[PDB]
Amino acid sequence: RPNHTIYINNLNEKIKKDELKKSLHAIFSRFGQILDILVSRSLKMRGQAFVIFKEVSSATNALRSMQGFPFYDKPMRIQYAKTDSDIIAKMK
C-alpha cells in the first residue's frame, strides 16, 4: 500500500552520491514537496535510493508517471517503501 517514501533501484551505480542526489530531486520535485532523499553507495545500498515526499499522493503520482524513466541511461524501478521512514514515524 502507498507510502510517503518511494524505493528506487536499478540505478547507475557508477554515479557519484552528490550528483545522484541533486539529479533525483530535480526530476521528482515536480511531484510535490520532498523532505529528504536517502542515498548510500554501500555494498548493500548502491544502485538504490529512497525519496521522501511530504504528501502520500505525491509519492503515488511520482511512482506512476516516472516508473521506467531512463535515469542516467537506466530504467528506474520505483516501488513503495515497505516501512515508514524515521523522519515520518517521528513526525506523526
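Sequential numbering from 1, following the sequence displayed. Note that the rigid core is defined as the largest set of C-alphas that superpose within 1.5 Å between two forms.
52-60 against 35-43 - segment lying farther from this form in 8 other deposited structures of this protein (CA RMS, rigid core fit): Comparing 35-43 with 52-60, the larger C-alpha deviation in 8 other deposited structures of this protein belongs to 35-43.
Higher-B stretch (mean Cα B-factor, as the entry records it), 1-9 or 82-90: Per the deposited B-factors, the answer is 82-90.
Third of chain Cα B-factors occupied by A59: As the PDB entry reports it, the C-alpha B-factor of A59 lands in the highest third of its chain.
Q33 - Cα temperature factor, lowest/middle/highest third of chain: Ranked within chain, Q33 CA B lands in the highest tercile.
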